[PDB]
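First the structure, in the form of structure tokens, and then the observations on it.
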Amino acid sequence: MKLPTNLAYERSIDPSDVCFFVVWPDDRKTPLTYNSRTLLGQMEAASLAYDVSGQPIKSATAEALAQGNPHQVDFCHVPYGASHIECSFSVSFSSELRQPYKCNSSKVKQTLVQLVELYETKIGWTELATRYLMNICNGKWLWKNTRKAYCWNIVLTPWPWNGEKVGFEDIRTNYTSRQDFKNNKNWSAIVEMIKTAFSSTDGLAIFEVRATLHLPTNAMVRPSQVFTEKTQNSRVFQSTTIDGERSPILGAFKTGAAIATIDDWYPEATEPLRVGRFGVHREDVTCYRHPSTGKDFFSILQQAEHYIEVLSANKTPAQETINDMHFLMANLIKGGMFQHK
Amino acid sequence: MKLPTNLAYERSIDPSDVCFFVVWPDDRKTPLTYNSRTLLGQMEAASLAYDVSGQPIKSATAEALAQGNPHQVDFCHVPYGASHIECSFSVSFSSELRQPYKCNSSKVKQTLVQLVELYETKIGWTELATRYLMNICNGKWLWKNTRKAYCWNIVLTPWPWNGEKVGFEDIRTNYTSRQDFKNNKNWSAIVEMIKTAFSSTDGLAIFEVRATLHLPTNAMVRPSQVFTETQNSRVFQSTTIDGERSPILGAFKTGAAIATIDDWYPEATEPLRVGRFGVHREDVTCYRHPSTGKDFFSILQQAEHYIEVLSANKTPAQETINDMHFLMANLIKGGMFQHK
């Protein structure tokens, strides 16, 4: 199947920013603040003592290395008498993957409408909606604040819902594997909103999420930080205006890239990845699912004729040809433009 | 081996600010405060009476050099009727050193994973975890307040812990050496935390520290002061505790006190802060300079060599296990080690 010169989708999952508030012993909440401040560190770089050759530069003598290196960082921390910290955002699962957003080829459009119809008939939205909702229901979207903390709690408020706000207390101790989440009081109900918000032609499914972090005394909190385009700022935080005070926030896209760390289908997978075309692992800077592997998105998307006669035939398909369908559907939920030429 | 173009670790020891309180008799607490007060000194600088060379300037007469010199400092002290001063913070011991935070070469990653696992087998974390933990249990992070005090006391509160708060009484006359610290009742159980903190892929081990400094009457206290860029010649760092500015010990100033360990550099008398080519800032030089070959980067490139020493049957020399503690203590320190 030759690609069009216009193909684009809209995303199905719409997160938002995460706001940090300080809860005192009494019922009073305040926007968390920060401050830029200058430190004086050592002069360790290995480009300040070694040139490209490798034997040491002689301009950097033993007196010079101990001189002192003043720099400036933004600095955020929990205040002294505080009790914990609130963190809140909102998600929306919205069925935008049913048909393309723009597609100048009718035969490619009828291909990608039949896949999404044959997928939920034969495979189902149970695996994707379970994997997407695990990263909301435990603090994946709190990135490093989950680490080095006493206990963190999540409280859900699903919108087309009757009552009794869904909560997850002491997530590290009680919510570890999938079977811990299925032992929740209402896990079947919140998965079934996301299965219907991908099935109906108007599925909506708004969640209101809210955290509670218990850190040590006077501890450090780490928000997302901006793309910067006699002391130069070495750490600049992202921020939003709450009331009249500058407060740190978690990137709207930093939050939606925590929900979609799902891709553990890649050819020799251990640790799951953020879903994308030829999926990158930014820790160790490589692409798994490289085009030379043939298991990226476009090499799967051009097998879209072959995947239909697999799913329509009554022999139930192998695990190799469903983990290519999970990866294909979870890229249509991610969005993006899919053109060539 | 060779340093990749990306290598970076995160750290394993995260301290906080130290906040100073004033304990009144009847046991009510108040945050310690301060005030900028001006003064008027003599005119001693040697650049006011001698030139760039060294012969005396003829403008600085006897009368014009006895003229008085007014300035400004911040001045913190204990209130008159007080009893003592609290100081409080918290440390977290994490296992960030197990794998690189970011590394674009997978030959170097799988070498720097194996050294950690050959170090906890042939040597173990007992020597490093004892050295980090003493600098809390005697008030090293109380820098100058320790000096000129009657006594001070430390009380720990470890987090994955059952009960019976660990306490150190009269540190100046009670705990002086290592075997003085190994005679506390619960000291094995706290070194076993930092061992189990470093040994797993999620080890956590939070501590809660709180000191109790009995000062003389009306004595100065010395917090950490800002890098400023009449005028203020000493500006303290500060936070807000009850809507009142109060001095604090720098979070980075505290973290450099738990990490004054390094007495392995080849003329070791006094321990240094752990750094790449470890500097001594009193007498401004670098020990472990790259001309010695005993900095961090001329040891980390011998990382492959250490795998063919630590995997054998024999217990190696101090020349090659002191330089394994130094390889480890810079991975706990964190930082970026890439070149080109």
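A note on labels: chains of the structure tokens are A, B, ... as shown, every chain counts residues from 1, and ligands are counted from 1 in their shown order.
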
- Filtered DSSP result for range 2-191 of chain A, state helix (DSSP H, G or I), as number ranges by chain: A: 64-66, 106-122, 126-137, 171-174, 178-182, 188-191

I need the chain B residues near chain A as a tab-separated table (two decimals) with N, CA and C atoms, in the first residue's frame; criterion: at most 7 Å, counting only C-alpha atoms.
chain	number	residue	atom	x	y	z
B	16	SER	N	19.00	18.30	52.49
B	16	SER	CA	18.11	19.44	52.43
B	16	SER	C	18.75	20.61	53.14
B	17	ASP	N	18.02	21.72	53.20
B	17	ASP	CA	18.43	22.87	53.99
B	17	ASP	C	18.41	22.53	55.46
B	89	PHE	N	17.28	18.80	59.36
B	89	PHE	CA	17.26	18.49	57.93
B	89	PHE	C	16.97	17.00	57.75
B	90	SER	N	17.20	16.48	56.55
B	90	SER	CA	16.91	15.09	56.20
B	90	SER	C	17.80	14.65	55.05
B	92	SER	N	18.43	11.43	52.09
B	92	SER	CA	17.91	10.24	51.41
B	92	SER	C	19.06	9.51	50.74
B	101	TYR	N	22.40	7.34	34.12
B	101	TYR	CA	21.19	8.08	33.81
B	101	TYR	C	21.02	8.30	32.31
B	102	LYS	N	22.12	8.46	31.58
B	102	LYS	CA	22.05	8.64	30.14
B	102	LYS	C	23.42	8.30	29.59
B	103	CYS	N	23.48	7.46	28.55
B	103	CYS	CA	24.76	6.97	28.03
B	103	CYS	C	24.55	6.44	26.62
B	104	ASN	N	25.23	7.03	25.63
B	104	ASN	CA	24.98	6.65	24.25
B	104	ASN	C	25.88	5.55	23.72
B	204	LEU	N	15.89	2.81	49.44
B	204	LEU	CA	15.42	4.17	49.65
B	204	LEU	C	16.02	4.86	50.87
B	227	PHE	N	26.10	34.01	47.34
B	227	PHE	CA	27.03	34.48	46.32
B	227	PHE	C	26.45	35.76	45.73
B	241	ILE	N	9.97	30.84	57.58
B	241	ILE	CA	9.42	29.72	58.40
B	241	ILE	C	8.01	30.07	58.92
B	276	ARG	N	36.01	15.00	41.13
B	276	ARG	CA	36.95	14.83	40.04
B	276	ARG	C	38.16	15.73	40.26
B	279	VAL	N	39.92	18.78	45.06
B	279	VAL	CA	40.56	20.03	45.39
B	279	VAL	C	40.55	20.21	46.90
B	280	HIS	N	41.52	20.97	47.39
B	280	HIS	CA	41.59	21.36	48.79
B	280	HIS	C	41.51	22.87	48.80
B	281	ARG	N	40.40	23.42	49.27
B	281	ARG	CA	40.15	24.84	49.07
B	281	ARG	C	40.72	25.71	50.17
B	284	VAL	N	44.94	26.45	48.32
B	284	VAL	CA	44.22	26.30	47.06
B	284	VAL	C	45.09	25.58	46.05
B	285	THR	N	44.90	24.26	45.97
B	285	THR	CA	45.53	23.37	45.00
B	285	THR	C	44.56	22.25	44.67
B	286	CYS	N	44.95	21.43	43.72
B	286	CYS	CA	44.30	20.15	43.44
B	286	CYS	C	45.26	19.06	43.85
B	289	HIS	N	45.60	15.63	40.73
B	289	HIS	CA	45.69	16.33	39.46
B	289	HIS	C	45.91	15.33	38.33
B	290	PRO	N	45.49	15.65	37.10
B	290	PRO	CA	45.71	14.71	35.99
B	290	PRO	C	47.16	14.42	35.64
B	339	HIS	N	33.25	13.32	26.85
B	339	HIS	CA	34.34	14.05	26.23
B	339	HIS	C	34.00	14.23	24.77
B	340	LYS	N	34.67	15.19	24.13
B	340	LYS	CA	34.40	15.66	22.77
B	340	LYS	C	32.95	16.10	22.58

- Item | Long-range neighbours of residue 299 in chain B as a list in words, 10 Å cut-off, only C-alpha atoms, 5 positions minimum in chain |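 Answer for this query is residues 293, 294, 304, 305, 306, 323, 324, 326 and 327 of chain B.
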
Running DSSP on the backbone, which parts of range 214-279 of chain B land in strand (DSSP E), as a short mmCIF file (atom, residue, chain, number, x, y, z; two decimals) with C-alpha atoms, in the first residue's frame?
data_model
loop_
_atom_site.label_atom_id
_atom_site.label_comp_id
_atom_site.auth_asym_id
_atom_site.auth_seq_id
_atom_site.Cartn_x
_atom_site.Cartn_y
_atom_site.Cartn_z
CA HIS B 214 24.41 24.46 73.69
CA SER B 238 17.52 32.45 54.19
CA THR B 239 13.99 31.08 53.90
CA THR B 240 10.58 31.90 55.44
CA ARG B 245 13.33 35.46 57.34
CA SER B 246 15.57 32.94 59.09
CA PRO B 247 19.11 31.78 58.30
CA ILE B 248 19.54 28.36 56.68
CA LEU B 249 22.57 26.12 56.00
CA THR B 260 34.12 14.90 53.03
CA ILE B 261 35.60 11.43 52.94
CA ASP B 262 38.50 11.35 50.54
CA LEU B 272 38.68 16.21 51.16
CA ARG B 273 35.30 16.60 49.50
CA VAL B 279 40.56 20.03 45.39
#

- Between CA of residue 119 in chain A and CA of residue 339 in chain A, what is the distance, to one decimal in Å? 22.7 Å

- Would you list the contacts of residue 198 in chain B as a list in words, taking every protein, DNA or RNA residue within 8 Å and counting only C-alpha atoms, but skipping same-chain residues closer than 2 positions in sequence?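 Close residues of residue 198 in chain B: residues 93, 94, 95, 97, 98, 125, 194, 195, 196, 200, 201 and 203 of chain B.
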
- Message: Report as a list in words all protein, DNA and RNA residues lying within 10 Å of range 99-111 of chain A, evaluated on only C-alpha atoms, omitting residues in the same chain fewer than 6 positions from it.
- Response: residues 1, 2, 3, 4, 5, 6, 7, 8, 9, 10, 11, 201, 304, 305, 308, 332, 335, 336, 337, 338 and 339 of chain A

Next, write the just-selected residues to a file, as a PDB file, in the first residue's frame, keeping N, CA and C atoms as the atom set.
ATOM      1  N   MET A   1       0.819  -1.205   0.000  1.00  0.00           N
ATOM      2  CA  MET A   1       0.000   0.000   0.000  1.00  0.00           C
ATOM      3  C   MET A   1       0.853   1.256   0.000  1.00  0.00           C
ATOM      4  N   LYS A   2       0.767   2.056  -1.055  1.00  0.00           N
ATOM      5  CA  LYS A   2       1.560   3.273  -1.121  1.00  0.00           C
ATOM      6  C   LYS A   2       0.925   4.325  -0.226  1.00  0.00           C
ATOM      7  N   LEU A   3       1.759   5.049   0.492  1.00  0.00           N
ATOM      8  CA  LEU A   3       1.306   6.068   1.427  1.00  0.00           C
ATOM      9  C   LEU A   3       0.696   7.238   0.665  1.00  0.00           C
ATOM     10  N   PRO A   4      -0.229   7.975   1.266  1.00  0.00           N
ATOM     11  CA  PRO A   4      -0.689   9.220   0.654  1.00  0.00           C
ATOM     12  C   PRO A   4       0.333  10.332   0.821  1.00  0.00           C
ATOM     13  N   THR A   5       0.000  11.481   0.252  1.00  0.00           N
ATOM     14  CA  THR A   5       0.769  12.693   0.461  1.00  0.00           C
ATOM     15  C   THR A   5       0.112  13.626   1.469  1.00  0.00           C
ATOM     16  N   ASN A   6      -1.076  13.273   1.956  1.00  0.00           N
ATOM     17  CA  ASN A   6      -1.696  13.856   3.139  1.00  0.00           C
ATOM     18  C   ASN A   6      -2.286  12.716   3.939  1.00  0.00           C
ATOM     19  N   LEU A   7      -1.721  12.432   5.105  1.00  0.00           N
ATOM     20  CA  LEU A   7      -2.420  11.617   6.084  1.00  0.00           C
ATOM     21  C   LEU A   7      -2.099  12.227   7.428  1.00  0.00           C
ATOM     22  N   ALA A   8      -3.101  12.371   8.282  1.00  0.00           N
ATOM     23  CA  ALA A   8      -2.886  12.954   9.595  1.00  0.00           C
ATOM     24  C   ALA A   8      -3.998  12.482  10.496  1.00  0.00           C
ATOM     25  N   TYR A   9      -3.683  12.231  11.759  1.00  0.00           N
ATOM     26  CA  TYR A   9      -4.723  12.009  12.748  1.00  0.00           C
ATOM     27  C   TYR A   9      -4.677  13.066  13.835  1.00  0.00           C
ATOM     28  N   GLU A  10      -5.723  13.073  14.642  1.00  0.00           N
ATOM     29  CA  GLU A  10      -5.745  13.794  15.896  1.00  0.00           C
ATOM     30  C   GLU A  10      -5.574  12.803  17.032  1.00  0.00           C
ATOM     31  N   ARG A  11      -5.076  13.283  18.162  1.00  0.00           N
ATOM     32  CA  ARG A  11      -4.799  12.364  19.241  1.00  0.00           C
ATOM     33  C   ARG A  11      -6.081  12.050  19.980  1.00  0.00           C
ATOM     34  N   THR A 201     -18.891   6.517  18.333  1.00  0.00           N
ATOM     35  CA  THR A 201     -18.501   7.627  17.476  1.00  0.00           C
ATOM     36  C   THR A 201     -18.487   8.962  18.200  1.00  0.00           C
ATOM     37  N   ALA A 304      -0.802  -3.212   5.721  1.00  0.00           N
ATOM     38  CA  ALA A 304      -2.168  -3.078   6.203  1.00  0.00           C
ATOM     39  C   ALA A 304      -3.145  -3.887   5.386  1.00  0.00           C
ATOM     40  N   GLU A 305      -2.769  -4.304   4.183  1.00  0.00           N
ATOM     41  CA  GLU A 305      -3.616  -5.244   3.467  1.00  0.00           C
ATOM     42  C   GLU A 305      -3.486  -6.632   4.065  1.00  0.00           C
ATOM     43  N   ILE A 308      -5.403  -7.455   7.365  1.00  0.00           N
ATOM     44  CA  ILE A 308      -6.852  -7.583   7.345  1.00  0.00           C
ATOM     45  C   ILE A 308      -7.267  -9.030   7.109  1.00  0.00           C
ATOM     46  N   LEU A 332      -2.052   5.263  16.216  1.00  0.00           N
ATOM     47  CA  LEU A 332      -3.194   6.037  15.767  1.00  0.00           C
ATOM     48  C   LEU A 332      -3.832   6.791  16.917  1.00  0.00           C
ATOM     49  N   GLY A 335      -1.509  10.101  17.332  1.00  0.00           N
ATOM     50  CA  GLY A 335      -1.680  11.218  16.435  1.00  0.00           C
ATOM     51  C   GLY A 335      -0.655  11.206  15.342  1.00  0.00           C
ATOM     52  N   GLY A 336      -0.389  12.382  14.799  1.00  0.00           N
ATOM     53  CA  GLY A 336       0.757  12.580  13.941  1.00  0.00           C
ATOM     54  C   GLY A 336       0.373  12.646  12.483  1.00  0.00           C
ATOM     55  N   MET A 337       1.351  13.050  11.687  1.00  0.00           N
ATOM     56  CA  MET A 337       1.196  13.072  10.246  1.00  0.00           C
ATOM     57  C   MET A 337       1.929  11.890   9.635  1.00  0.00           C
ATOM     58  N   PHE A 338       1.289  11.208   8.700  1.00  0.00           N
ATOM     59  CA  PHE A 338       1.777   9.941   8.181  1.00  0.00           C
ATOM     60  C   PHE A 338       2.001   9.994   6.673  1.00  0.00           C
ATOM     61  N   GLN A 339       2.589  11.072   6.161  1.00  0.00           N
ATOM     62  CA  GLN A 339       2.735  11.211   4.722  1.00  0.00           C
ATOM     63  C   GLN A 339       4.035  10.601   4.231  1.00  0.00           C
TER      64      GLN A 339
END

- Could you pull the residues within 7 Å of residue 23 in chain B, counting only C-alpha atoms, minus those fewer than 5 positions along the same chain, as a PyMOL selection string? chain B and resi 28-30+82-86

- Task: Fewer than 5 positions away in the same chain doesn't count, so skip those; otherwise give me all residues within 9 Å of range 105-110 of chain B, counting only C-alpha atoms, as a list in words.
- Result: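 Those residues are residues 284 and 285 of chain A; 1, 2, 3, 4, 5, 6, 7, 99 and 100 of chain B.
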
- Item | Nearest-residue call for residue 138 in chain B, choices B:54, B:167, B:266, B:70, using only C-alpha atoms |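 When distances to residue 138 in chain B are compared using only C-alpha atoms, the smallest one comes from B:167.
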
- Query: Which is closer to residue 269 in chain A than all the others in A:314, A:232, A:97, A:323, using only C-alpha atoms?
  - Reply: A:323

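The closest residue to residue 168 in chain A, picked from A:92, A:247, A:240, A:186 and counting only C-alpha atoms, is A:186.
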
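Distance-wise, CA of residue 235 in chain B and CA of residue 75 in chain B end up 9.1 Å apart.
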
- Minimum-distance residue to residue 208 in chain A, chosen among A:76, A:194, A:91, A:226 (using only C-alpha atoms): A:91
